[PDB]
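Structure below is model_37.pdb: PDB, C-alpha atoms.
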ATOM      1  CA  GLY U   1     -12.141 -14.488  10.175  1.00  0.00           C
ATOM      2  CA  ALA U   2      -9.254 -14.389   9.600  1.00  0.00           C
ATOM      3  CA  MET U   3      -8.644 -11.551   8.482  1.00  0.00           C
ATOM      4  CA  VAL U   4      -6.415 -12.449   5.572  1.00  0.00           C
ATOM      5  CA  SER U   5      -4.886  -9.683   3.517  1.00  0.00           C
ATOM      6  CA  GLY U   6      -4.848 -10.544  -0.246  1.00  0.00           C
ATOM      7  CA  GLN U   7      -1.941 -10.435  -2.755  1.00  0.00           C
ATOM      8  CA  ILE U   8      -0.838  -7.034  -4.104  1.00  0.00           C
ATOM      9  CA  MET U   9       0.803  -6.749  -7.587  1.00  0.00           C
ATOM     10  CA  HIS U  10       4.142  -5.007  -8.366  1.00  0.00           C
ATOM     11  CA  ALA U  11       4.223  -1.774 -10.473  1.00  0.00           C
ATOM     12  CA  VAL U  12       6.625   0.293 -12.655  1.00  0.00           C
ATOM     13  CA  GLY U  13       6.406   4.044 -11.981  1.00  0.00           C
ATOM     14  CA  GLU U  14       7.546   6.625 -14.503  1.00  0.00           C
ATOM     15  CA  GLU U  15       9.012   9.915 -13.218  1.00  0.00           C
ATOM     16  CA  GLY U  16       6.186  12.468 -12.741  1.00  0.00           C
ATOM     17  CA  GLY U  17       3.471   9.829 -13.133  1.00  0.00           C
ATOM     18  CA  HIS U  18       1.522   7.704 -10.629  1.00  0.00           C
ATOM     19  CA  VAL U  19       0.974   4.008  -9.635  1.00  0.00           C
ATOM     20  CA  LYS U  20      -1.711   2.211  -7.549  1.00  0.00           C
ATOM     21  CA  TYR U  21      -1.752  -0.717  -5.147  1.00  0.00           C
ATOM     22  CA  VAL U  22      -4.950  -2.662  -4.379  1.00  0.00           C
ATOM     23  CA  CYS U  23      -5.297  -5.042  -1.452  1.00  0.00           C
ATOM     24  CA  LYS U  24      -8.492  -7.062  -0.952  1.00  0.00           C
ATOM     25  CA  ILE U  25      -9.260  -8.228   2.657  1.00  0.00           C
ATOM     26  CA  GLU U  26     -11.076 -11.440   3.639  1.00  0.00           C
ATOM     27  CA  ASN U  27     -13.221 -11.455   6.829  1.00  0.00           C
ATOM     28  CA  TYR U  28     -12.988  -7.728   7.525  1.00  0.00           C
ATOM     29  CA  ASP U  29     -15.380  -6.275  10.144  1.00  0.00           C
ATOM     30  CA  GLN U  30     -16.256  -3.074  12.075  1.00  0.00           C
ATOM     31  CA  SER U  31     -12.924  -3.138  13.947  1.00  0.00           C
ATOM     32  CA  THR U  32     -10.674  -3.448  10.844  1.00  0.00           C
ATOM     33  CA  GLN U  33      -8.054  -0.600  10.491  1.00  0.00           C
ATOM     34  CA  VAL U  34      -5.560  -0.335   7.567  1.00  0.00           C
ATOM     35  CA  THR U  35      -2.162   1.400   7.564  1.00  0.00           C
ATOM     36  CA  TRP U  36       0.306   1.562   4.629  1.00  0.00           C
ATOM     37  CA  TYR U  37       4.144   1.864   4.840  1.00  0.00           C
ATOM     38  CA  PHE U  38       6.921   2.714   2.372  1.00  0.00           C
ATOM     39  CA  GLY U  39      10.027   0.956   3.669  1.00  0.00           C
ATOM     40  CA  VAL U  40      10.286   2.143   7.324  1.00  0.00           C
ATOM     41  CA  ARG U  41       7.937   5.130   6.840  1.00  0.00           C
ATOM     42  CA  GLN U  42       4.266   5.210   7.923  1.00  0.00           C
ATOM     43  CA  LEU U  43       2.018   6.782   5.215  1.00  0.00           C
ATOM     44  CA  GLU U  44      -0.909   9.207   5.487  1.00  0.00           C
ATOM     45  CA  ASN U  45      -3.115  11.263   3.131  1.00  0.00           C
ATOM     46  CA  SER U  46      -1.176  14.253   1.747  1.00  0.00           C
ATOM     47  CA  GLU U  47      -0.134  15.968  -1.498  1.00  0.00           C
ATOM     48  CA  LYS U  48       1.853  12.757  -2.163  1.00  0.00           C
ATOM     49  CA  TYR U  49      -0.456   9.770  -1.226  1.00  0.00           C
ATOM     50  CA  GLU U  50      -4.195   9.127  -1.859  1.00  0.00           C
ATOM     51  CA  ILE U  51      -5.314   6.391   0.566  1.00  0.00           C
ATOM     52  CA  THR U  52      -8.770   4.904   0.976  1.00  0.00           C
ATOM     53  CA  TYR U  53     -10.327   1.914   2.781  1.00  0.00           C
ATOM     54  CA  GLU U  54     -13.975   0.745   2.506  1.00  0.00           C
ATOM     55  CA  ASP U  55     -15.814  -2.598   2.508  1.00  0.00           C
ATOM     56  CA  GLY U  56     -12.658  -4.803   2.441  1.00  0.00           C
ATOM     57  CA  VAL U  57     -10.840  -2.925  -0.309  1.00  0.00           C
ATOM     58  CA  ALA U  58      -7.650  -0.959   0.521  1.00  0.00           C
ATOM     59  CA  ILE U  59      -6.223   1.350  -2.173  1.00  0.00           C
ATOM     60  CA  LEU U  60      -2.942   3.304  -2.168  1.00  0.00           C
ATOM     61  CA  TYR U  61      -2.248   5.791  -4.969  1.00  0.00           C
ATOM     62  CA  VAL U  62       1.304   7.225  -5.200  1.00  0.00           C
ATOM     63  CA  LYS U  63       1.653  10.623  -7.023  1.00  0.00           C
ATOM     64  CA  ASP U  64       4.460  12.691  -8.661  1.00  0.00           C
ATOM     65  CA  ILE U  65       6.829   9.702  -8.909  1.00  0.00           C
ATOM     66  CA  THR U  66      10.610  10.207  -8.361  1.00  0.00           C
ATOM     67  CA  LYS U  67      13.604   7.830  -8.087  1.00  0.00           C
ATOM     68  CA  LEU U  68      13.150   8.064  -4.247  1.00  0.00           C
ATOM     69  CA  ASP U  69       9.902   6.084  -4.557  1.00  0.00           C
ATOM     70  CA  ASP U  70      11.593   2.819  -5.699  1.00  0.00           C
ATOM     71  CA  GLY U  71      11.253   0.108  -2.963  1.00  0.00           C
ATOM     72  CA  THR U  72       8.865  -2.011  -0.898  1.00  0.00           C
ATOM     73  CA  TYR U  73       5.257  -1.051   0.068  1.00  0.00           C
ATOM     74  CA  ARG U  74       3.334  -2.832   2.919  1.00  0.00           C
ATOM     75  CA  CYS U  75      -0.425  -2.894   3.608  1.00  0.00           C
ATOM     76  CA  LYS U  76      -0.916  -3.657   7.324  1.00  0.00           C
ATOM     77  CA  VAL U  77      -4.364  -4.821   8.501  1.00  0.00           C
ATOM     78  CA  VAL U  78      -5.386  -4.956  12.179  1.00  0.00           C
ATOM     79  CA  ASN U  79      -8.574  -5.879  14.023  1.00  0.00           C
ATOM     80  CA  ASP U  80      -9.842  -7.129  17.400  1.00  0.00           C
ATOM     81  CA  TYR U  81      -8.659 -10.673  16.644  1.00  0.00           C
ATOM     82  CA  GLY U  82      -5.217 -10.228  15.092  1.00  0.00           C
ATOM     83  CA  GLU U  83      -3.331  -8.823  12.109  1.00  0.00           C
ATOM     84  CA  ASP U  84      -1.922  -9.621   8.618  1.00  0.00           C
ATOM     85  CA  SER U  85       0.229  -7.765   6.024  1.00  0.00           C
ATOM     86  CA  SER U  86       0.835  -7.951   2.248  1.00  0.00           C
ATOM     87  CA  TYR U  87       3.815  -6.507   0.281  1.00  0.00           C
ATOM     88  CA  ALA U  88       4.717  -5.304  -3.257  1.00  0.00           C
ATOM     89  CA  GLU U  89       7.511  -3.445  -5.106  1.00  0.00           C
ATOM     90  CA  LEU U  90       7.647  -0.161  -7.045  1.00  0.00           C
ATOM     91  CA  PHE U  91      10.361  -0.119  -9.767  1.00  0.00           C
ATOM     92  CA  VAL U  92      11.647   3.218 -11.239  1.00  0.00           C
ATOM     93  CA  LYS U  93      14.024   3.315 -14.289  1.00  0.00           C
ATOM     94  CA  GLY U  94      17.639   4.200 -13.257  1.00  0.00           C
ATOM     95  CA  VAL U  95      17.500   2.830  -9.652  1.00  0.00           C
ATOM     96  CA  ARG U  96      17.961  -0.981  -9.603  1.00  0.00           C
ATOM     97  CA  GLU U  97      20.318  -2.879 -11.937  1.00  0.00           C
TER      98      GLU U  97
END
Render the structure in this file as structure tokens.
Amino acid sequence: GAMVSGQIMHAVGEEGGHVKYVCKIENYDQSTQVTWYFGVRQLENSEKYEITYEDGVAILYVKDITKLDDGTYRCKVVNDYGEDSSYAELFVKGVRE
């Protein structure tokens, strides 16, 4: 392309609930691979995170929200030509001023 990774919107998470992040990719192809991060931590499918990627749409769902989950989330996109990343925040009540 490209690729270019699209803008991701911020979210407020309530304790015990969930939030989602959606990142739309321009000029994806057969070599495109997507990895999400929370702060310094690399994410994978588990009891905590529901992660999918198909046809230029990356989706991260975060479950069972706690105060620990407040911070910065990154969607990192890599192919045979280069890379791009997009970022957004999760705000939980009681964490930030």
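Shortest atom-to-atom contact with residue 11 (chain U) among U:49, U:81, U:61, U:36: U:61, counting all atoms listed in the file.
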Point to revise | Output check: residues returned by the PyMOL selection byres ((chain U and resi 27) around 9), as a PyMOL selection string | key: chain U and resi 1-4+25-26+28-29+56
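Going from CA of residue 30 (chain U) over to CA of residue 58 (chain U), you cover 14.6 Å.
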Exercise for review: Tell me, as a VMD selection string, which residues lie within 9 Å of residue 48 (chain U), counting only C-alpha atoms; anything in the same chain fewer than 4 positions away does not count.
Suggested key: chain U and resid 44 61 to 65
Point to revise | Between CA of residue 69 (chain U) and CA of residue 33 (chain U), distance in Å (one decimal) | key: 24.4 Å
Practice item. On this file, the PyMOL selection byres ((chain U and resi 12) around 12) gives some set of residues; write that set as a ChimeraX atom specification. Key: /U:9-11,13-15,17-21,62,65-67,69-71,88-96
Find the spatial neighbours of residue 51 (chain U), counting all atoms listed in the file, within a cut-off of 7 Å - ignore same-chain residues fewer than 6 positions away - and output them as a compact mmCIF listing (two decimals) with C-alpha atoms, keeping the file's coordinate frame.
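Printed below is around_12.txt as written:
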# COMPACT_ATOMS: atom_id res chain seq x y z
CA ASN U 45 -3.12 11.26 3.13
CA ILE U 59 -6.22 1.35 -2.17
CA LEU U 60 -2.94 3.30 -2.17
CA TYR U 61 -2.25 5.79 -4.97
Point to revise | Shell of 12 Å around residue 42 (chain U), all atoms listed in the file, local chain residues under 3 positions omitted, as a VMD selection string | key: chain U and resid 34 to 39 45 49 73 to 76
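Here CA of residue 40 (chain U) is placed at a distance of 9.3 Å from CA of residue 72 (chain U).
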Practice item. Give the answer as one residue: which of U:16, U:23, U:6, U:97 has the shortest atom-to-atom distance to residue 52 (chain U), using all atoms listed in the file? Key: U:23
Mind completing region 53-81 of chain U with N, CA and C atoms? Output as an mmCIF file, keeping the file's coordinate frame, please?
data_model
loop_
_atom_site.group_PDB
_atom_site.id
_atom_site.type_symbol
_atom_site.label_atom_id
_atom_site.label_comp_id
_atom_site.auth_asym_id
_atom_site.auth_seq_id
_atom_site.Cartn_x
_atom_site.Cartn_y
_atom_site.Cartn_z
ATOM 1 N N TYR U 53 -9.906 3.272 2.377
ATOM 2 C CA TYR U 53 -10.327 1.914 2.781
ATOM 3 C C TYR U 53 -11.825 1.873 3.018
ATOM 4 N N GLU U 54 -12.518 0.948 2.339
ATOM 5 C CA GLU U 54 -13.975 0.745 2.506
ATOM 6 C C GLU U 54 -14.327 -0.680 2.107
ATOM 7 N N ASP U 55 -15.168 -1.355 2.912
ATOM 8 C CA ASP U 55 -15.814 -2.598 2.508
ATOM 9 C C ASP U 55 -14.797 -3.648 2.012
ATOM 10 N N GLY U 56 -13.699 -3.806 2.756
ATOM 11 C CA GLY U 56 -12.658 -4.803 2.441
ATOM 12 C C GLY U 56 -11.703 -4.530 1.305
ATOM 13 N N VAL U 57 -11.798 -3.337 0.737
ATOM 14 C CA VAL U 57 -10.840 -2.925 -0.309
ATOM 15 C C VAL U 57 -9.969 -1.740 0.123
ATOM 16 N N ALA U 58 -8.666 -2.006 0.266
ATOM 17 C CA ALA U 58 -7.650 -0.959 0.521
ATOM 18 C C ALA U 58 -6.934 -0.518 -0.760
ATOM 19 N N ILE U 59 -6.855 0.796 -0.973
ATOM 20 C CA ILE U 59 -6.223 1.350 -2.173
ATOM 21 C C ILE U 59 -5.226 2.464 -1.818
ATOM 22 N N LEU U 60 -3.989 2.289 -2.265
ATOM 23 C CA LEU U 60 -2.942 3.304 -2.168
ATOM 24 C C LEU U 60 -2.572 3.828 -3.553
ATOM 25 N N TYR U 61 -2.718 5.131 -3.751
ATOM 26 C CA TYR U 61 -2.248 5.791 -4.969
ATOM 27 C C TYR U 61 -1.045 6.672 -4.657
ATOM 28 N N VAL U 62 0.067 6.409 -5.348
ATOM 29 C CA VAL U 62 1.304 7.225 -5.200
ATOM 30 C C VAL U 62 1.488 8.202 -6.355
ATOM 31 N N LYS U 63 1.590 9.511 -6.049
ATOM 32 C CA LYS U 63 1.653 10.623 -7.023
ATOM 33 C C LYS U 63 3.059 11.197 -7.253
ATOM 34 N N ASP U 64 3.217 11.971 -8.337
ATOM 35 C CA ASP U 64 4.460 12.691 -8.661
ATOM 36 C C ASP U 64 5.695 11.821 -8.459
ATOM 37 N N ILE U 65 5.768 10.701 -9.168
ATOM 38 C CA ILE U 65 6.829 9.702 -8.909
ATOM 39 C C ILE U 65 8.248 10.271 -9.092
ATOM 40 N N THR U 66 9.162 9.903 -8.187
ATOM 41 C CA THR U 66 10.610 10.207 -8.361
ATOM 42 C C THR U 66 11.417 8.920 -8.131
ATOM 43 N N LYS U 67 12.714 8.958 -8.419
ATOM 44 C CA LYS U 67 13.604 7.830 -8.087
ATOM 45 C C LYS U 67 13.539 7.413 -6.602
ATOM 46 N N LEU U 68 13.273 8.368 -5.698
ATOM 47 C CA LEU U 68 13.150 8.064 -4.247
ATOM 48 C C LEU U 68 12.080 7.030 -3.922
ATOM 49 N N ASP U 69 11.083 6.917 -4.802
ATOM 50 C CA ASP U 69 9.902 6.084 -4.557
ATOM 51 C C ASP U 69 10.106 4.589 -4.822
ATOM 52 N N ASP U 70 11.248 4.221 -5.415
ATOM 53 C CA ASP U 70 11.593 2.819 -5.699
ATOM 54 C C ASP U 70 11.844 2.071 -4.371
ATOM 55 N N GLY U 71 11.090 0.990 -4.149
ATOM 56 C CA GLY U 71 11.253 0.108 -2.963
ATOM 57 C C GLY U 71 10.066 -0.798 -2.661
ATOM 58 N N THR U 72 9.886 -1.075 -1.368
ATOM 59 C CA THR U 72 8.865 -2.011 -0.898
ATOM 60 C C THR U 72 7.720 -1.304 -0.168
ATOM 61 N N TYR U 73 6.473 -1.639 -0.542
ATOM 62 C CA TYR U 73 5.257 -1.051 0.068
ATOM 63 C C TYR U 73 4.512 -2.158 0.833
ATOM 64 N N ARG U 74 4.042 -1.861 2.050
ATOM 65 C CA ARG U 74 3.334 -2.832 2.919
ATOM 66 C C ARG U 74 1.938 -2.310 3.222
ATOM 67 N N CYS U 75 0.938 -3.183 3.109
ATOM 68 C CA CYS U 75 -0.425 -2.894 3.608
ATOM 69 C C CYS U 75 -0.601 -3.708 4.880
ATOM 70 N N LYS U 76 -0.706 -3.009 6.010
ATOM 71 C CA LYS U 76 -0.916 -3.657 7.324
ATOM 72 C C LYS U 76 -2.372 -3.572 7.810
ATOM 73 N N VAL U 77 -2.955 -4.736 8.105
ATOM 74 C CA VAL U 77 -4.364 -4.821 8.501
ATOM 75 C C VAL U 77 -4.506 -5.347 9.920
ATOM 76 N N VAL U 78 -5.244 -4.616 10.753
ATOM 77 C CA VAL U 78 -5.386 -4.956 12.179
ATOM 78 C C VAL U 78 -6.846 -4.885 12.583
ATOM 79 N N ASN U 79 -7.310 -5.928 13.274
ATOM 80 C CA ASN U 79 -8.574 -5.879 14.023
ATOM 81 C C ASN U 79 -8.495 -6.417 15.439
ATOM 82 N N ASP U 80 -9.670 -6.682 16.012
ATOM 83 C CA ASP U 80 -9.842 -7.129 17.400
ATOM 84 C C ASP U 80 -9.384 -8.562 17.642
ATOM 85 N N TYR U 81 -9.013 -9.254 16.572
ATOM 86 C CA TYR U 81 -8.659 -10.673 16.644
ATOM 87 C C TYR U 81 -7.200 -10.947 16.300
#
